[PDB]
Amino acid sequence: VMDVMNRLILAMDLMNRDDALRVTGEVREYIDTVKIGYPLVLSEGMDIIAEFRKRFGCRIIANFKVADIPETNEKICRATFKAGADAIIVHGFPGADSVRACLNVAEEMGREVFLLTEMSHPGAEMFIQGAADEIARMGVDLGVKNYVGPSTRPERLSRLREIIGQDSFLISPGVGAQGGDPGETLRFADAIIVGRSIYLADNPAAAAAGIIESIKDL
């Protein structure tokens, strides 16, 4: 599995290239894995992935929450890996064929797929939560090795970890701003995803350092 430094992944959702680059550079000594999503990509272009690789020695996870039909999912994954992303996040709710499409491209291109099971926000309780355990089981059956689960719901994250097993890799967003606790989340997740708590801080480096200090024993 990817070796995430300090078990901490930066969710870089600033939409300004200059700010995104500045903040990421400031926390570079604490984090070697960065998650770039559509807020930044739709604002600055896919080349931003290239720029991050050039400026920082960081792995890139594209949080594109892929959720289209198989044919379109394949195109999205191909374009994303072509740009330099090490991995891509894919939604499981659209079904097995949509996920399989992403897995096929990842296999062909030598990259990885992370399957998003349950989401961390309140609305996730309406439809996703009830399908989450099955979505996770589906991922296991499809051979998915990397997963994304909610920090905001410890009990749900715990169940997801059981379903996927100890060998699977699990990362979890919702830490900080959304209410999730770093240490508690790491009881089940291999790494925590943190965005606003770090990038909106007056001193992002200090914020990252503080989070790492709180989980030093882990």
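The first residue of the sequence shown is number 1, and the count goes up from there.
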Once you work out the mean C-alpha B-factor for both 51-59 and 160-168 from the entry, which is higher?
51-59
Pick between 204-212 and 190-198: the one whose mean CA B-factor in the entry is higher.
204-212
Among the candidates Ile31, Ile69, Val66, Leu40, give the one with the maximum CA B-factor reported in the record.
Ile31
What's the residue among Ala136, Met119, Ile76, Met109 with the greatest CA temperature factor in the PDB record?
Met109
Relative to the other modelled residues of the same chain, rank the CA B-factor of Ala11 and answer lowest, middle or highest third.
lowest
Consider only the C-alpha atoms of the modelled residues in this chain, order them by B-factor as the entry records it, and name the third containing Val105: lowest, middle or highest.
highest
Within this chain's modelled residues, let me know which third the CA B factor of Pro173 belongs to: lowest, middle or highest.
lowest
Ranked C-alpha temperature factor of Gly123 among modelled chain residues, by third
middle
Against its chain's modelled residues, does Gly92's Cα B factor rank lowest, middle or highest third?
lowest
